[PDB]
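Structure data follow from model-v4.cif (mmCIF, C-alpha atoms):
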```cif
data_model
loop_
_atom_site.label_atom_id
_atom_site.label_comp_id
_atom_site.auth_asym_id
_atom_site.auth_seq_id
_atom_site.Cartn_x
_atom_site.Cartn_y
_atom_site.Cartn_z
CA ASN K 560 -45.98 125.44 -3.34
CA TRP K 561 -49.33 127.06 -2.64
CA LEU K 562 -51.11 124.49 -4.77
CA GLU K 563 -50.26 121.63 -2.41
CA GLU K 564 -49.77 123.10 1.07
CA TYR K 565 -53.28 124.50 0.61
CA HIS K 566 -54.59 121.78 -1.66
CA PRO K 567 -58.38 121.47 -1.28
CA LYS K 568 -59.00 118.03 0.12
CA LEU K 569 -62.02 115.85 0.80
CA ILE K 570 -63.32 114.06 3.88
CA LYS K 571 -65.85 111.42 4.81
CA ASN K 572 -67.44 111.23 8.25
CA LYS K 573 -68.69 108.31 10.31
CA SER K 574 -72.21 109.29 9.36
CA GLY K 575 -71.02 108.92 5.78
CA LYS K 576 -71.14 112.63 5.07
CA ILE K 577 -68.89 114.42 2.65
CA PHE K 578 -66.88 117.47 3.59
CA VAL K 579 -64.52 119.84 1.82
CA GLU K 580 -61.34 120.07 3.85
CA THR K 581 -59.47 123.35 4.03
CA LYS K 582 -57.59 125.22 6.72
CA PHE K 583 -60.93 126.79 7.66
CA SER K 584 -63.55 124.09 7.24
CA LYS K 585 -61.40 122.07 9.65
CA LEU K 586 -61.77 124.39 12.64
CA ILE K 587 -65.54 124.06 12.42
CA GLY K 588 -66.49 120.60 11.17
CA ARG K 589 -68.59 122.65 8.78
CA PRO K 590 -68.07 123.46 5.11
CA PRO K 591 -65.92 126.40 4.08
CA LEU K 592 -69.01 128.45 3.34
CA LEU K 593 -70.97 130.91 5.42
CA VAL K 594 -73.03 134.08 5.20
CA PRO K 595 -71.70 137.58 5.89
CA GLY K 596 -73.31 139.95 8.35
CA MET K 597 -76.13 141.76 6.55
CA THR K 598 -78.31 144.11 8.56
CA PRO K 599 -81.72 143.39 7.00
CA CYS K 600 -81.20 139.68 6.52
CA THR K 601 -78.71 138.28 9.03
CA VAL K 602 -80.59 140.16 11.75
CA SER K 603 -83.61 137.90 11.53
CA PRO K 604 -82.76 135.29 14.17
CA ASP K 605 -85.11 132.67 12.77
CA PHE K 606 -83.42 132.86 9.38
CA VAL K 607 -79.85 132.63 10.66
CA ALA K 608 -81.08 129.76 12.80
CA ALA K 609 -82.72 127.77 10.02
CA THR K 610 -79.55 128.31 8.03
CA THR K 611 -77.01 127.17 10.61
CA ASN K 612 -79.33 124.24 11.22
CA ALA K 613 -78.44 123.37 7.64
CA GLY K 614 -74.83 123.31 8.83
CA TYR K 615 -73.39 126.53 7.42
CA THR K 616 -71.69 129.10 9.61
CA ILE K 617 -73.29 132.54 9.81
CA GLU K 618 -72.65 136.06 10.97
CA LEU K 619 -75.35 137.84 12.93
CA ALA K 620 -76.28 141.37 11.95
CA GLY K 621 -75.35 143.54 14.89
CA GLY K 622 -76.19 146.58 12.79
CA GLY K 623 -79.88 145.72 12.98
CA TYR K 624 -80.00 146.34 16.73
CA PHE K 625 -79.84 149.76 18.37
CA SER K 626 -79.26 148.51 21.90
CA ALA K 627 -77.54 145.95 24.09
CA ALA K 628 -80.72 143.93 24.65
CA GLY K 629 -82.54 143.67 21.34
CA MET K 630 -79.58 141.82 19.89
CA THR K 631 -79.54 139.97 23.21
CA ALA K 632 -83.13 138.91 22.69
CA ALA K 633 -82.28 137.75 19.19
CA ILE K 634 -79.46 135.71 20.71
CA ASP K 635 -81.72 134.12 23.28
CA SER K 636 -84.18 133.39 20.47
CA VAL K 637 -81.87 131.66 18.02
CA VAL K 638 -80.54 129.74 21.01
CA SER K 639 -84.14 128.64 21.45
CA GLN K 640 -84.25 127.66 17.77
CA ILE K 641 -80.94 125.95 16.99
CA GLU K 642 -79.97 122.39 17.79
CA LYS K 643 -77.61 121.54 20.62
CA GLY K 644 -73.94 122.13 19.98
CA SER K 645 -74.79 124.47 17.14
CA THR K 646 -73.04 127.79 16.84
CA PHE K 647 -72.78 131.09 15.04
CA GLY K 648 -71.14 134.49 15.22
CA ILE K 649 -71.94 138.16 14.84
CA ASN K 650 -70.93 141.01 12.58
CA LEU K 651 -70.11 144.31 14.22
CA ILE K 652 -69.09 147.67 12.83
CA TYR K 653 -66.09 149.85 13.54
CA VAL K 654 -67.37 153.20 12.24
CA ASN K 655 -70.36 153.22 14.64
CA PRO K 656 -68.92 152.93 18.15
CA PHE K 657 -72.43 153.21 19.50
CA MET K 658 -73.29 150.14 17.45
CA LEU K 659 -70.18 148.71 19.11
CA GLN K 660 -69.90 149.83 22.73
CA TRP K 661 -72.93 147.61 23.32
CA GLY K 662 -71.55 144.36 22.02
CA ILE K 663 -67.92 144.22 23.11
CA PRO K 664 -68.74 144.69 26.81
CA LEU K 665 -71.70 142.37 26.18
CA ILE K 666 -69.94 139.76 24.05
CA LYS K 667 -67.50 139.47 26.91
CA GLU K 668 -70.30 138.54 29.29
CA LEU K 669 -72.21 136.21 27.01
CA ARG K 670 -68.95 134.29 26.70
CA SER K 671 -68.23 134.49 30.43
CA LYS K 672 -71.55 132.66 30.56
CA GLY K 673 -70.72 130.53 27.54
CA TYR K 674 -73.28 131.24 24.85
CA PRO K 675 -73.15 129.41 21.51
CA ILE K 676 -71.24 132.28 19.94
CA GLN K 677 -67.83 131.35 18.57
CA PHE K 678 -66.67 134.05 16.20
CA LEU K 679 -66.75 137.80 15.75
CA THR K 680 -66.55 139.86 12.57
CA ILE K 681 -65.70 143.55 12.31
CA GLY K 682 -67.13 145.12 9.17
CA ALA K 683 -66.64 148.38 7.32
CA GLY K 684 -63.43 148.99 9.21
CA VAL K 685 -60.32 147.53 10.74
CA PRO K 686 -58.91 148.09 14.24
CA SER K 687 -55.43 148.67 15.57
CA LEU K 688 -53.15 146.16 17.25
CA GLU K 689 -53.93 147.72 20.62
CA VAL K 690 -57.70 147.40 20.34
CA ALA K 691 -57.72 144.32 18.12
CA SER K 692 -55.72 142.48 20.78
CA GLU K 693 -58.24 142.15 23.59
CA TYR K 694 -60.79 140.71 21.19
CA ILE K 695 -58.83 137.46 21.04
CA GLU K 696 -57.90 136.91 24.72
CA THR K 697 -60.78 138.49 26.62
CA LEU K 698 -63.45 137.09 24.32
CA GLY K 699 -64.15 133.41 24.73
CA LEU K 700 -63.82 133.34 20.98
CA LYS K 701 -62.74 130.54 18.68
CA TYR K 702 -61.63 132.73 15.79
CA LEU K 703 -62.09 136.16 14.29
CA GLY K 704 -63.10 137.79 11.04
CA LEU K 705 -62.22 140.91 9.09
CA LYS K 706 -63.62 142.78 6.09
CA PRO K 707 -60.85 144.61 4.25
CA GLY K 708 -61.25 146.16 0.83
CA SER K 709 -58.09 148.19 1.22
CA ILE K 710 -54.45 147.14 0.98
CA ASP K 711 -53.17 148.68 4.20
CA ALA K 712 -56.00 147.12 6.16
CA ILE K 713 -54.37 143.92 4.96
CA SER K 714 -50.93 144.90 6.20
CA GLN K 715 -52.70 145.73 9.45
CA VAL K 716 -54.38 142.35 9.90
CA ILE K 717 -50.99 140.87 9.11
CA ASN K 718 -49.49 142.91 11.92
CA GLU P 1038 -88.87 143.30 4.27
CA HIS P 1039 -91.70 145.53 5.51
CA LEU P 1040 -93.58 146.63 2.40
CA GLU P 1041 -96.79 146.53 4.42
CA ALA P 1042 -95.35 149.63 6.14
CA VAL P 1043 -95.16 151.81 3.03
CA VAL P 1044 -97.53 154.04 1.12
CA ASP P 1045 -98.96 151.63 -1.46
CA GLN P 1046 -96.89 148.44 -1.15
CA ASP P 1047 -94.85 149.35 -4.24
CA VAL P 1048 -91.22 148.37 -3.78
CA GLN P 1049 -89.71 150.75 -6.35
CA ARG P 1050 -89.75 153.25 -3.50
CA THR P 1051 -87.43 151.01 -1.54
CA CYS P 1052 -83.71 150.81 -0.87
CA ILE P 1053 -82.40 147.26 -1.28
CA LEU P 1054 -78.82 146.09 -1.53
CA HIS P 1055 -77.44 143.61 -4.05
CA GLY P 1056 -74.37 142.65 -6.03
CA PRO P 1057 -74.25 143.50 -9.72
CA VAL P 1058 -71.99 140.54 -10.38
CA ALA P 1059 -74.01 138.12 -8.26
CA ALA P 1060 -77.42 138.76 -9.79
CA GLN P 1061 -76.20 136.60 -12.68
CA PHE P 1062 -76.97 133.62 -10.44
CA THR P 1063 -79.96 134.84 -8.39
CA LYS P 1064 -82.88 133.83 -10.58
CA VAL P 1065 -84.76 131.13 -8.70
CA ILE P 1066 -87.11 132.39 -6.02
CA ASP P 1067 -87.30 131.63 -2.31
CA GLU P 1068 -85.52 128.32 -2.46
CA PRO P 1069 -84.37 126.86 0.86
CA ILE P 1070 -81.04 128.03 2.22
CA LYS P 1071 -79.99 124.43 2.77
CA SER P 1072 -80.94 123.43 -0.76
CA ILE P 1073 -78.68 126.02 -2.34
CA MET P 1074 -75.79 125.70 0.09
CA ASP P 1075 -75.86 121.95 -0.55
CA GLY P 1076 -76.03 122.52 -4.29
CA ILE P 1077 -72.86 124.56 -3.97
CA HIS P 1078 -71.12 122.02 -1.78
CA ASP P 1079 -71.99 119.02 -3.93
CA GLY P 1080 -70.97 120.91 -7.05
CA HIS P 1081 -67.58 121.40 -5.47
CA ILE P 1082 -67.65 117.72 -4.54
CA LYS P 1083 -68.12 116.67 -8.15
CA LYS P 1084 -65.47 119.08 -9.33
CA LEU P 1085 -63.01 117.58 -6.86
CA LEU P 1086 -63.95 113.94 -7.40
CA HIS P 1087 -63.59 114.19 -11.16
CA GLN P 1088 -60.05 115.49 -10.75
CA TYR P 1089 -58.38 114.35 -7.56
CA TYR P 1090 -60.35 111.21 -6.73
CA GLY P 1091 -61.33 109.56 -10.01
CA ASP P 1092 -65.04 110.03 -9.27
CA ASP P 1093 -65.01 107.02 -6.93
CA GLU P 1094 -66.12 107.99 -3.44
CA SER P 1095 -64.54 105.07 -1.57
CA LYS P 1096 -61.25 106.53 -2.75
CA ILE P 1097 -62.07 109.11 -0.05
CA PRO P 1098 -60.52 108.98 3.41
CA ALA P 1099 -62.72 108.94 6.49
CA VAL P 1100 -62.62 110.23 10.05
CA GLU P 1101 -64.47 109.75 13.31
CA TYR P 1102 -65.22 113.47 13.61
CA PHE P 1103 -64.20 116.21 11.22
CA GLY P 1104 -62.97 119.39 12.86
CA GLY P 1105 -61.08 120.97 15.72
CA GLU P 1106 -57.76 121.17 13.86
CA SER P 1107 -56.23 124.60 14.17
CA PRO P 1108 -54.10 125.82 11.26
CA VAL P 1109 -50.99 125.91 13.43
CA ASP P 1123 -49.85 101.51 22.57
CA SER P 1124 -50.39 100.76 26.27
CA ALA P 1125 -47.97 103.34 27.62
CA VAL P 1126 -47.61 105.96 30.34
CA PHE P 1127 -46.54 109.56 30.77
CA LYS P 1128 -45.17 111.48 33.74
CA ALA P 1129 -45.78 115.21 34.04
CA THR P 1130 -43.39 117.52 35.83
CA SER P 1131 -42.60 121.17 36.50
CA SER P 1132 -42.53 122.30 32.87
CA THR P 1133 -44.17 119.28 31.25
CA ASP P 1134 -45.45 121.04 28.16
CA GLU P 1135 -49.21 121.27 27.93
CA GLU P 1136 -49.88 120.84 24.22
CA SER P 1137 -47.37 118.01 24.03
CA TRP P 1138 -49.11 116.44 27.01
CA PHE P 1139 -52.49 116.71 25.34
CA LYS P 1140 -51.17 115.30 22.08
CA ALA P 1141 -49.50 112.37 23.79
CA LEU P 1142 -52.74 111.76 25.66
CA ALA P 1143 -55.05 112.40 22.73
CA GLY P 1144 -52.83 110.20 20.59
CA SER P 1145 -52.95 110.29 16.81
CA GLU P 1146 -56.17 108.59 15.79
CA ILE P 1147 -59.31 110.70 15.61
CA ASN P 1148 -61.66 109.53 18.33
CA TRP P 1149 -63.43 110.77 21.44
CA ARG P 1150 -60.00 110.80 23.02
CA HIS P 1151 -58.59 112.87 20.17
CA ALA P 1152 -61.06 115.55 21.27
CA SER P 1153 -61.24 115.14 25.03
CA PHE P 1154 -57.81 116.73 25.40
CA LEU P 1155 -58.06 118.90 22.29
CA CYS P 1156 -61.71 119.94 22.10
CA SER P 1157 -61.51 123.07 24.22
CA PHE P 1158 -65.26 123.37 24.76
CA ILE P 1159 -68.14 121.20 25.92
CA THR P 1160 -71.81 121.98 25.51
CA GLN P 1161 -74.14 122.20 28.50
CA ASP P 1162 -77.50 122.24 26.75
CA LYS P 1163 -76.59 124.94 24.24
CA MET P 1164 -73.88 126.51 26.38
CA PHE P 1165 -70.23 126.18 25.45
CA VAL P 1166 -67.78 126.08 28.34
CA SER P 1167 -64.14 125.24 28.88
CA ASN P 1168 -63.23 121.58 28.86
CA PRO P 1169 -62.93 120.42 32.48
CA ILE P 1170 -60.57 117.69 31.36
CA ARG P 1171 -57.93 119.93 29.81
CA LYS P 1172 -58.22 121.67 33.18
CA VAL P 1173 -57.74 118.71 35.50
CA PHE P 1174 -55.20 116.85 33.39
CA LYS P 1175 -53.28 120.13 33.12
CA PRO P 1176 -49.66 118.94 33.42
CA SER P 1177 -48.06 119.41 36.81
CA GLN P 1178 -45.74 117.67 39.23
CA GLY P 1179 -46.22 114.17 40.58
CA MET P 1180 -48.93 113.42 38.05
CA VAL P 1181 -48.47 110.11 36.23
CA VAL P 1182 -50.98 108.62 33.84
CA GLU P 1183 -51.24 105.33 32.00
CA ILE P 1184 -53.02 104.22 28.85
CA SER P 1185 -54.31 100.80 27.92
CA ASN P 1186 -55.75 99.54 24.65
CA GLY P 1187 -54.26 102.72 23.19
CA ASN P 1188 -54.95 101.35 19.71
CA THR P 1189 -58.62 100.38 19.89
CA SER P 1190 -60.89 103.13 21.16
CA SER P 1191 -63.85 101.11 22.44
CA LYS P 1192 -61.48 99.83 25.13
CA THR P 1193 -58.89 102.58 25.07
CA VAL P 1194 -58.82 103.74 28.68
CA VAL P 1195 -56.72 106.01 30.82
CA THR P 1196 -55.79 106.03 34.48
CA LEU P 1197 -54.16 108.98 36.19
CA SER P 1198 -52.67 108.79 39.66
CA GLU P 1199 -50.91 111.46 41.70
CA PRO P 1200 -49.34 111.83 45.13
CA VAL P 1201 -51.89 111.09 47.83
CA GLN P 1202 -50.04 111.54 51.12
CA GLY P 1203 -46.83 110.76 49.28
CA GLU P 1204 -48.03 107.55 47.69
CA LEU P 1205 -49.68 107.34 44.29
CA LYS P 1206 -53.24 106.17 43.78
CA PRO P 1207 -55.75 106.29 40.92
CA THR P 1208 -57.27 109.76 40.88
CA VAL P 1209 -58.93 109.60 37.47
CA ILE P 1210 -60.27 106.99 35.07
CA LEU P 1211 -61.25 107.89 31.52
CA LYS P 1212 -63.14 105.32 29.54
CA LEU P 1213 -65.76 104.73 26.88
CA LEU P 1214 -69.17 103.18 27.31
CA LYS P 1215 -71.97 101.79 25.26
CA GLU P 1216 -73.77 104.46 23.23
CA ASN P 1217 -70.48 106.16 22.32
CA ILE P 1218 -70.36 107.78 25.74
CA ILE P 1219 -67.44 108.99 27.79
CA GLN P 1220 -67.18 108.64 31.52
CA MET P 1221 -64.63 110.10 33.83
CA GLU P 1222 -64.69 108.14 37.05
CA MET P 1223 -63.07 110.83 39.15
CA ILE P 1224 -61.85 109.29 42.35
CA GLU P 1225 -61.19 110.65 45.79
CA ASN P 1226 -59.47 108.41 48.32
CA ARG P 1227 -59.16 110.59 51.43
CA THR P 1228 -62.39 109.16 52.74
CA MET P 1229 -64.34 108.52 55.91
CA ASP P 1230 -63.91 104.75 55.67
CA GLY P 1231 -60.53 105.37 54.03
CA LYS P 1232 -61.59 103.39 51.00
CA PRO P 1233 -61.97 105.56 47.89
CA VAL P 1234 -65.08 106.79 46.16
CA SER P 1235 -65.69 107.45 42.49
CA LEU P 1236 -67.76 110.00 40.63
CA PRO P 1237 -69.24 109.18 37.20
CA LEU P 1238 -69.16 112.22 34.95
CA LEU P 1239 -70.81 111.32 31.67
CA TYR P 1240 -70.39 112.98 28.30
CA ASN P 1241 -72.24 112.37 25.06
CA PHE P 1242 -70.18 112.04 21.89
CA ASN P 1243 -71.47 113.68 18.71
CA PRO P 1244 -68.93 113.06 15.95
CA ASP P 1245 -71.50 114.44 13.54
CA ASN P 1246 -70.62 117.73 15.29
CA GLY P 1247 -66.87 117.84 14.93
CA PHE P 1248 -66.66 121.29 16.46
CA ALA P 1249 -68.22 120.04 19.68
CA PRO P 1250 -69.01 116.32 19.60
CA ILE P 1251 -68.71 116.25 23.38
CA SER P 1252 -71.77 117.47 25.28
CA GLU P 1253 -72.15 117.01 29.00
CA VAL P 1254 -75.32 115.37 30.27
CA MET P 1255 -77.00 117.64 32.80
CA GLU P 1256 -79.55 115.06 33.90
CA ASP P 1257 -79.17 113.31 37.25
CA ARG P 1258 -75.92 115.26 37.53
CA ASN P 1259 -76.32 117.05 40.84
CA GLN P 1260 -77.81 113.81 42.14
CA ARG P 1261 -74.58 111.95 41.43
CA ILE P 1262 -72.56 114.75 42.96
CA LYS P 1263 -74.77 114.61 46.02
CA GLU P 1264 -74.43 110.85 46.36
CA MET P 1265 -70.69 111.38 46.42
CA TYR P 1266 -70.83 114.13 48.99
CA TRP P 1267 -73.10 111.94 51.12
CA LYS P 1268 -70.36 109.45 51.87
CA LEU P 1269 -67.90 112.31 51.94
CA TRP P 1270 -69.93 113.78 54.79
CA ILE P 1271 -72.74 111.53 56.00
CA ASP P 1272 -72.94 108.23 57.88
CA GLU P 1273 -76.34 107.37 56.42
CA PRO P 1274 -78.11 106.10 53.30
CA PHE P 1275 -79.12 108.38 50.44
CA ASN P 1276 -82.54 109.94 50.04
#
```
Write the structure described by the file as structure tokens, please.
Amino acid sequence: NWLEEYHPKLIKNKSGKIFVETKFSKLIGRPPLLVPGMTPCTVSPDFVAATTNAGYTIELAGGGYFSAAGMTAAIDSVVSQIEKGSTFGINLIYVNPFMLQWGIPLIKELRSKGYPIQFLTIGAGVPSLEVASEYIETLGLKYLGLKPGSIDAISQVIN
Amino acid sequence: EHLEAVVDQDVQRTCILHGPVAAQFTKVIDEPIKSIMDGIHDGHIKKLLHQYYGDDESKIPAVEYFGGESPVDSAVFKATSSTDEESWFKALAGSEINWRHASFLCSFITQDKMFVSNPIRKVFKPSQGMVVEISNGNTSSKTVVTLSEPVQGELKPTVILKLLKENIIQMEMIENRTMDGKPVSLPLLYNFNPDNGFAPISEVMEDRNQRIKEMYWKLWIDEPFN
């Protein structure tokens, strides 16, 4: 019964803080809310930082960086702005491989180093099993995100 | 976001995205992100209290640290060839939610804003000959663990997990093949941040290499430490 197996529960923490327990909020010790990757807005590192410092997961706007370093500088900046143990993720694109070939072979390394990144998000597209695979074993990634508006994209993510 | 860089600072020249359905709620200006996210959260909180919890908070459960759960008393355990790993880490994390619940389950520790594999889920990785014991398995403040493994055939304490004041973890990692024969111990300290359920455990990088060096001294040197 979907109304109980997925019942939206509540939680209290030692600090006395309230939390909304779901299958998602419970991987992150953070509410089941976030902000999607938005090129003009989730590209500003200081903003994403001040937000996550409120305790709400965020996607970073990869699309606002035309390189493999500019986004890297934004990373190293938010890092310089967030509190310890904080975290965030990025939003990539699948229709702009050039917007992509930077990150993937860069994401891999930032993780190999162990940056505060913990989730990816492919936007405006969906990959195949073949490609989508490596993202989850090679990347030191907690979880993954997808942006389907189609119906077969959904069958695909289910595959 | 760069009107200054246009012809006459008029925005009607500009391309800006938005949601036609969402504008029905975007009326207040430049309020803090935290303010509005919290408004949302607490609204949900009211809507759930009024229904499922009678609008009395204490009705709520509570937990040491909230998080780390993927969608998918004084005892011992002996690992073996195929001693399953997740079963091992459950047995050793127990059931209660405490520092120990995470130590074996929290996959990542923070090194001053760097997230790296848990060394503990590495070392305690089930194998042959490894036998560990728990004491005070009910109460956490004194819940402690002691792992021993074959040292020259015999078993001897190789690891000691315990809590400290300040909600700290220490692994006293022991090595007994020693110059004087007697063993030596290494204190590896970890801060606990239940307020951060995703990563309440953060290694302390201060004095670290000094401790390691004091170990290696006796491992290598017949002299005092300086």
Discussion item. With 8 Å as the limit and counting all atoms listed in the file, what residues in chain P lie close to chain K? Please list them as a PyMOL selection string.
Written reply: chain P and resi 1038+1070-1071+1074+1078+1082+1085+1097-1108+1160+1162-1166+1244-1250+1252
Worksheet item: Please, what distance in Å, to one decimal, runs between atom CA of residue 663 of chain K and atom CA of residue 696 of chain K?
Response: 12.5 Å
Build an axis-aligned box that encloses every atom of segment 1213-1230 of chain P listed in the file, pad it by 6 Å on each side, and report its centre and edge lengths in Å to one decimal, as JSON.
```
{"center_x": -66.5, "center_y": 106.3, "center_z": 39.1, "size_x": 26.6, "size_y": 21.0, "size_z": 45.6}
```
Could you list, as an mmCIF file with C-alpha atoms, keeping the file's coordinate frame, every residue within 8 Å of residue 1143 of chain P, counting only C-alpha atoms and ignoring same-chain residues fewer than 6 positions away?
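Printed below is part-v6.cif as written:
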```cif
data_model
loop_
_atom_site.group_PDB
_atom_site.id
_atom_site.type_symbol
_atom_site.label_atom_id
_atom_site.label_comp_id
_atom_site.auth_asym_id
_atom_site.auth_seq_id
_atom_site.Cartn_x
_atom_site.Cartn_y
_atom_site.Cartn_z
ATOM 1 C CA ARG P 1150 -60.000 110.800 23.020
ATOM 2 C CA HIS P 1151 -58.590 112.870 20.170
ATOM 3 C CA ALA P 1152 -61.060 115.550 21.270
ATOM 4 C CA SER P 1153 -61.240 115.140 25.030
ATOM 5 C CA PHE P 1154 -57.810 116.730 25.400
ATOM 6 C CA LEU P 1155 -58.060 118.900 22.290
#
```
I'd like the residues picked by the PyMOL selection byres ((chain P and resi 1129) around 10) written out as a PDB file with C-alpha atoms, keeping the file's coordinate frame, using the chain letters and numbers from the file.
```pdb
ATOM      1  CA  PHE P1127     -46.540 109.560  30.770  1.00  0.00           C
ATOM      2  CA  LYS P1128     -45.170 111.480  33.740  1.00  0.00           C
ATOM      3  CA  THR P1130     -43.390 117.520  35.830  1.00  0.00           C
ATOM      4  CA  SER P1131     -42.600 121.170  36.500  1.00  0.00           C
ATOM      5  CA  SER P1132     -42.530 122.300  32.870  1.00  0.00           C
ATOM      6  CA  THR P1133     -44.170 119.280  31.250  1.00  0.00           C
ATOM      7  CA  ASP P1134     -45.450 121.040  28.160  1.00  0.00           C
ATOM      8  CA  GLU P1135     -49.210 121.270  27.930  1.00  0.00           C
ATOM      9  CA  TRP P1138     -49.110 116.440  27.010  1.00  0.00           C
ATOM     10  CA  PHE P1174     -55.200 116.850  33.390  1.00  0.00           C
ATOM     11  CA  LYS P1175     -53.280 120.130  33.120  1.00  0.00           C
ATOM     12  CA  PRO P1176     -49.660 118.940  33.420  1.00  0.00           C
ATOM     13  CA  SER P1177     -48.060 119.410  36.810  1.00  0.00           C
ATOM     14  CA  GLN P1178     -45.740 117.670  39.230  1.00  0.00           C
ATOM     15  CA  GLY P1179     -46.220 114.170  40.580  1.00  0.00           C
ATOM     16  CA  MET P1180     -48.930 113.420  38.050  1.00  0.00           C
ATOM     17  CA  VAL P1181     -48.470 110.110  36.230  1.00  0.00           C
ATOM     18  CA  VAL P1182     -50.980 108.620  33.840  1.00  0.00           C
ATOM     19  CA  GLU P1199     -50.910 111.460  41.700  1.00  0.00           C
TER      20      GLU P1199
END
```
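Compared by their closest atoms to residue 658 of chain K, and using only C-alpha atoms, the residues K:565, K:678, K:625, K:694 rank with K:625 nearest.
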Worksheet item: Mind pulling up the distance from atom CA of residue 685 of chain K to atom CA of residue 623 of chain K?
Response: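 Computed distance, atom CA of residue 623 of chain K to atom CA of residue 685 of chain K, equals 19.8 Å.
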Fill in: One-decimal distance in Å that lies between atom CA of residue 1191 of chain P and atom CA of residue 1214 of chain P
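Atom-to-atom, atom CA of residue 1214 of chain P and atom CA of residue 1191 of chain P are spaced 7.5 Å apart.
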Item to complete: Carefully work through the PyMOL selection byres ((chain P and resi 1221) around 7) for this structure and note down the residues it includes, as an MDAnalysis selection string.
Response: chainID P and resid 1209:1212 1219:1220 1222:1223 1237:1239
Discussion item. List the spatial neighbours of residue 682 of chain K as number ranges by chain - criterion: any atom at most 9 Å away, all atoms listed in the file, same-chain residues fewer than 6 positions off excluded.
Written reply: K: 596, 650-654, 704-707
Worksheet item: Residues picked by the PyMOL selection byres ((chain P and resi 1269) around 10) here, as a ChimeraX atom specification?
Response: /P:1225-1230,1233-1234,1263-1268,1270-1272
Fill in: Among listed residues P:1205, P:1055, P:1161, P:1215, nearest residue 1258 of chain P (using only C-alpha atoms)
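Closest to residue 1258 of chain P, using only C-alpha atoms: P:1161.
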Fill in: Best match for closeness to residue 1185 of chain P among P:1240, P:1125, P:1197, P:1156, counting all atoms listed in the file
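Under the stated criterion, the closest residue is P:1125.
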